[PDB]
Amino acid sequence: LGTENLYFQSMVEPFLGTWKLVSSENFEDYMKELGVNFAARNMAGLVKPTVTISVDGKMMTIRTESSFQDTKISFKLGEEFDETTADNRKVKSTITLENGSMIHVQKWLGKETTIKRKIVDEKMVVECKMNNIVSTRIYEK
């Protein structure tokens, strides 16, 4: 399936690397919408996580490290998977990559949140949305 990954390697390549948070907007209110309490969202909002995006064949891994978590997800694009989030939600996740945007949808208890990533001027721009609450986080590598 080497030959089967020609277009795959092209679309995933811009996302690969060890990204570090440089700026954040409205992340506390986004976390509030997820159901995280004030201490957790206030303290987590102050740190700068490292997000490592890698691939092994067709399997993508995204690792998130901070003072408060060390979590990772491994998945194939477009294939739903079970995920236990850092804030202890048990969700159904599907991650796709179209038009240069990696879109991660999490579904649980009839609720939904979307995490969209794109590369703009070599930076990774991450948009987190839940019920019309939007947070934007920018990372550099």
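The numbering used is simple: start at 1 and walk along the sequence shown.
Student: Which of the two stretches, 15-23 or 129-137, shows the higher mean Cα temperature factor in the record?
Tutor: The stretch with the larger average C-alpha B-factor is 129-137.
Student: Which one, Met31, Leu109, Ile73, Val51, has the peak C-alpha temperature factor per the PDB entry?
Tutor: Across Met31, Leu109, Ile73, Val51, the entry lists the biggest C-alpha B-factor for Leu109.
Student: Determine, from the deposited record, the chain-internal third of the Cα B-factor for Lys118: lowest, middle or highest.
Tutor: Its C-alpha B-factor belongs to the middle third of this chain's values.
Student: For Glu80, return the chain-relative third of its C-alpha B-factor as stated in the PDB record: lowest, middle or highest.
Tutor: Highest third of the chain for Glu80's C-alpha B-factor.
Student: Quick check for you: using the entry's CA B-factors within this chain, is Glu98 in the lowest, middle or highest third?
Tutor: Top third by C-alpha B-factor.
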